[PDB]
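In order, the protein sequence lines correspond to chains L, G, B and H.
With this note's numbering as the guide, the letters of the first sequence map in order to residues 2 to 141.
With this note's numbering as the guide, the letters of the second sequence map in order to residues 765 to 822.
With this note's numbering as the guide, the letters of the third sequence map in order to residues 5 to 107.
With this note's numbering as the guide, the letters of the fourth sequence map in order to residues 882 to 998.
Think of the CB as a built atom: it goes at the ideal place given N, C-alpha and C, for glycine as much as any other residue.
Inspection log for the structure reproduced underneath, given as structure tokens.
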Amino acid sequence: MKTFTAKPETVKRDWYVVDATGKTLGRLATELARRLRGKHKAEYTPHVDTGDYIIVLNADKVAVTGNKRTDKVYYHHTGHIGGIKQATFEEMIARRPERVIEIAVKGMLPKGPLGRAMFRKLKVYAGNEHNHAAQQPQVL
Amino acid sequence: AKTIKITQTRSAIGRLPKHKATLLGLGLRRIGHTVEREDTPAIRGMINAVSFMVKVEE
Amino acid sequence: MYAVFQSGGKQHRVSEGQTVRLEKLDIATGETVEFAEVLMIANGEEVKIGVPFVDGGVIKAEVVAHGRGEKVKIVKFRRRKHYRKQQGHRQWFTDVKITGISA
Amino acid sequence: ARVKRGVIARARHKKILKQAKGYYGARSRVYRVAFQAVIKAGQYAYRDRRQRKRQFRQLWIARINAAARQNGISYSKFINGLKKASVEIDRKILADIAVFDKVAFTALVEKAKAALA
RNA sequence: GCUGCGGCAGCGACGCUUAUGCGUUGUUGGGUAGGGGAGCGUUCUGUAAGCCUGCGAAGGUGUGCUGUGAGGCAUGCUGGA
RNA sequence: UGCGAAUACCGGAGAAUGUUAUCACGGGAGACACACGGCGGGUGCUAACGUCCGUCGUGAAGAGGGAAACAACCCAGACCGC
Numbered sequence: 002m003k004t005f006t007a008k009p010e011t012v013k014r015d016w017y018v019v020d021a022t023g024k025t026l027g028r029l030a031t032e033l034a035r036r037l038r039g040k041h042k043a044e045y046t047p048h049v050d051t052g053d054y055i056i057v058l059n060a061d062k063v064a065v066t067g068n069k070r071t072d073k074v075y076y077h078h079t080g081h082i083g084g085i086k087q088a089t090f091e092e093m094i095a096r097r098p099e100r101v102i103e104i105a106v107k108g109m110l111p112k113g114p115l116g117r118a119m120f121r122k123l124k125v126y127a128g129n130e131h132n133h134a135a136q137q138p139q140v141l
Numbered sequence: 765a766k767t768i769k770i771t772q773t774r775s776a777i778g779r780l781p782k783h784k785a786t787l788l789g790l791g792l793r794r795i796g797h798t799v800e801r802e803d804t805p806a807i808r809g810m811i812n813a814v815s816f817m818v819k820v821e822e
Numbered sequence: 005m006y007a008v009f010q011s012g013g014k015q016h017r018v019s020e021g022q023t024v025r026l027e028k029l030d031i032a033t034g035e036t037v038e039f040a041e042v043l044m045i046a047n048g049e050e051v052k053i054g055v056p057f058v059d060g061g062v063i064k065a066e067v068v069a070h071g072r073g074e075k076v077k078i079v080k081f082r083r084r085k086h087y088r089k090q091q092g093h094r095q096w097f098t099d100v101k102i103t104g105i106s107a
Numbered sequence: 882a883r884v885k886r887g888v889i890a891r892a893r894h895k896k897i898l899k900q901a902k903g904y905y906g907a908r909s910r911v912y913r914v915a916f917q918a919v920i921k922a923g924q925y926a927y928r929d930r931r932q933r934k935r936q937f938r939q940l941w942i943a944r945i946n947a948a949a950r951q952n953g954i955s956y957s958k959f960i961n962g963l964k965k966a967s968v969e970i971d972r973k974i975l976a977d978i979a980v981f982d983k984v985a986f987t988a989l990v991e992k993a994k995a996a997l998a
């Protein structure tokens with residue numbers, strides 16, 4: 002018959018907990034981006050709706066390799082003309098890891114709709130274990 | 765010599781005059797197409813222009 | 005037991021499944037002649053003995069059923085440049101069914 | 882001495898106008914659609930069916946690369962093990978074994994892992 | 001692109017069969033101007049006070065089968081010659 | 001220019017290969033705005049998606065893959081279906 006496993010509409014979701022307190026920073030994104038798609042996954046034919054479910058912790062412990070601790074363009078221009086452009090170096094932004102840096106995965110995903118389905122939907126935080134505002138249940 | 769059994773190299777239309785030397789000459793059409801010619805000196809002449817070009821393997 | 009083979013495309017994933025395929029040759033009509041496939045068998049693959057090969061001893065084939073070898077399908081498929089249009093065309097096959105006994 | 886085009890006139894427009902989907906606005910209601918759109922459909926169709934053979938292959942390997950590697954040896958090494966055989970070569974497509982016969986598949990990764998010289 | 005499998009058409013061959021033709025095979029089949037070659041369909045004339053029709057024609061609209069395509073047919077409904 | 005290639009061109013034999021591809025005569029043509037890339041050059045500033053010759057290839061009249069997206073560059077030339 003037509004081979005292609007269907008799209009059970011994001012059938013299963015395996016929960017996980019990275020550490021981010023590591024030393025890989027930017028390298029980690031890939032195995033973080035591959036995961037929310039169909040990396041470790043075999044069946045659940047990607048391309049179509051899908052994903053997984055992992056979560057970041059502190060993450061505040063990153064340095065990148067070279068002097069990237071001091072670079073990284075970063076600007077979040079707005080629909081304001083009048084000459085805006087908000088450039089802030091990485092360390093300048095690392096003061097409060099928000100929608101960026103830890104969120105380096107967004108630029109690594111299919112982008113637009115559906116990819117957008119995974120997006121921040123992995124949670125980030127910046128303090129590891131304490132009062133996990135996130136779902137405490139099953140994780141690895 | 766070395767001409768007995770030669771399969772075309774791998775190239776569409778790009779040459780200028782060598783095509784007569786091969787496809788229109790030797791008798792090769794489409795890549796991979798192999799031809800087996802005799803094993804006398806006279807033939808080496810064709811493969812020479814297309815030395816590293818064509819593929820004669822064994 | 006599972007099934008497996010090529011012949012005009014590796015179409016042999018399903019077990020018995022009775023799925024279309026290709027065509028005999030001289031003619032199609034039904035009935036049969038009892039044509040065993042070949043030991044492309046995944047060892048049949050199906051039991052406590054799923055095997056990497058498929059090769060799990062000599063001779064292992066299923067007999068072809070020859071359910072219904074007819075029909076077609078029609079697909080327009082027409083190209084056109086800016087000055088022409090081959091738009092007008094059609095090429096199909098009948099893919100004989102075949103139910104296939106057991107492995 | 883009568884063209885009286887009316888006679889096939891209708892049949893032709895009606896023919897292409899027969900785009901069930903309706904598509905959108907003028908794309909059904911107006912004859913304008915036909916050679917503009919009904920024609921595009923023929924074009925977009927012409928290439929997709931044949932270009933599709935690979936789009937699935939890209940998926941087939943996308944999952945094999947995602948299934949076989951989890952249990953040692955990447956897709957790059959996999960087919961290489963598999964590559965060595967006298968009869969052992971059953972292609973992909975059915976390669977989706979990772980979805981129904983996992984045991985088979987993982988029993989097939991050894992056919993390659995242990996196979997790789 | 002090449003290979004595998006099926007199918008279409010032209011030409012050379014092969015197997016025969018033998019007006020001929022079909023199965024195997026080698027090969028050729030991108031294409032504007034343009035050349036050549038085949039065809040569909042429409043109005044009107046012959047074949048036609050023959051054949052189809054009010055136990056429903058042409059026309060309009062749906063559907064199903066069919067041809068490589070132009071189109072072909074069968075039929076639901078409308079329809080009123 | 002007291003020397004001088006490659007090489008293109010000329011004619012002679014020879015094997016093989018290519019569904020006479022060669023030539024002549026006759027019916028119908030279209031076509032004389034070409035553009036880019038490589039090599040050899042006039043020009044121009046070894047400027048120009050410049051301009052004028054030569055030659056080869058592509059586009060024109062080629063779809064597909066490739067250089068993010070790029071008619072001309074690279075690869076490869078689309079009878080149909082899988």
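Does DSSP classify residue i as helix, strand or coil?
i: L:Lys73; result: coil
i: residue 855 of chain H; result: Coverage of chain H is limited to positions 882 through 998, which leaves residue 855 of chain H absent and any answer about it impossible.
i: G:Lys819; result: strand
i: H:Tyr956; result: helix
i: G:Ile770; result: strand
i: H:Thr987; result: helix
i: G:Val799; result: strand
i: L:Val106; result: helix
i: H:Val980; result: helix
List, in chain order, every chain H residue whose beta-carbon is nearer than 9 Å to that of residue i.
i: B:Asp30; result: What B:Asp30 touches in chain H: nothing, since even the nearest Cβ is about 29 Å away.
i: B:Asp59; result: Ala966, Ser967, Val968, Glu969
If you measure between the beta carbons of residue i and residue j, is that distance less than 8 Å?
i: B:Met5; j: B:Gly48; result: yes
i: H:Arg944; j: L:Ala7; result: no
i: L:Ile104; j: L:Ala95; result: no
i: G:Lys782; j: G:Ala813; result: yes
i: B:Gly34; j: B:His86; result: no
i: H:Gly962; j: H:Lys992; result: yes
i: B:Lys77; j: H:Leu975; result: no
Look at the alpha carbon of residue i and the alpha carbon of residue j, and state the distance between them as a whole number of angstroms.
i: B:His93; j: B:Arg84; result: 12 Å
i: L:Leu37; j: L:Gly116; result: 9 Å
i: B:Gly21; j: L:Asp50; result: 29 Å
i: L:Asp61; j: H:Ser967; result: 55 Å
i: G:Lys769; j: G:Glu821; result: 8 Å
i: G:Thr804; j: G:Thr767; result: 8 Å
i: H:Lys934; j: L:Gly83; result: 51 Å
i: B:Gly73; j: B:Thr103; result: 11 Å
i: B:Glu38; j: H:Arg950; result: 41 Å
i: H:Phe916; j: H:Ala890; result: 16 Å
i: G:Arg774; j: B:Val58; result: 36 Å
i: B:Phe9; j: B:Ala65; result: 10 Å
i: L:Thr46; j: B:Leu26; result: 28 Å
i: H:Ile920; j: H:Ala926; result: 10 Å
i: H:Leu898; j: H:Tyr912; result: 6 Å
Provide the residue span of the alpha helix (DSSP H) that contains residue i, from first to last.
i: B:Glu38; result: Segment: none, B:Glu38 is in no alpha helix (DSSP H) and carries neither H nor E.
i: H:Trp941; result: 915 to 948
i: G:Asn812; result: 808 to 813
i: L:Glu91; result: 91 to 94
i: H:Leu898; result: 887 to 898
i: L:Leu33; result: 31 to 34
i: L:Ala118; result: 116 to 119
i: G:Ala785; result: 782 to 785
i: B:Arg94; result: First-last for B:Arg94: undefined, no H or E at that position.
i: H:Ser909; result: 907 to 910
Taking 7 Å as the cut-off, is the C-beta of residue i nearer than that to any heavy atom in the ligand ATP?
i: L:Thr79; result: What this structure holds is no ligand at all, so the ligand ATP is not there to describe.
If the cut is a Cβ gap below 8 Å, which residues of chain L does residue i touch?
i: H:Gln951; result: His41, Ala43
Since residue i meets chain B, which of its residues come closer than 7 Å, beta carbon to beta carbon?
i: H:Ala985; result: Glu49, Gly54
i: H:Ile920; result: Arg84
Can you list the residues of chain B that residue i reaches, using a CB-CB cut of under 8 Å?
i: H:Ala988; result: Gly54, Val55, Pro56
i: H:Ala926; result: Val79, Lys80, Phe81
Could you name the residues of chain B that residue i contacts, counting a contact when the two beta carbons are closer than 9 Å?
i: H:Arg972; result: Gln10, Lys14
i: H:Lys895; result: Within chain B, no residue comes near H:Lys895; the closest Cβ sits about 17 Å away, beyond 9 Å.
Show which residues of chain H have a CB atom less than 7 Å away from the CB atom of residue i.
i: L:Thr51; result: Per Cβ cutoff of 7 Å: no residues; L:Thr51 is ~11 Å from chain H at best.
Cβ closer than 7 Å: which chain L residues qualify as neighbours of residue i?
i: H:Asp977; result: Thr4, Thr6
Kindly list, in the order they appear in chain L, the residues whose Cβ is closer than 9 Å to that of residue i.
i: H:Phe937; result: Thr4, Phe5
i: H:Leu940; result: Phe5, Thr46, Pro47, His48
Which chain H residues sit within Cβ distance under 8 Å of residue i?
i: L:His77; result: By Cβ distance, chain H contributes nothing, its closest Cβ being about 33 Å from L:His77, past 8 Å.
i: B:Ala46; result: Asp971, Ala985
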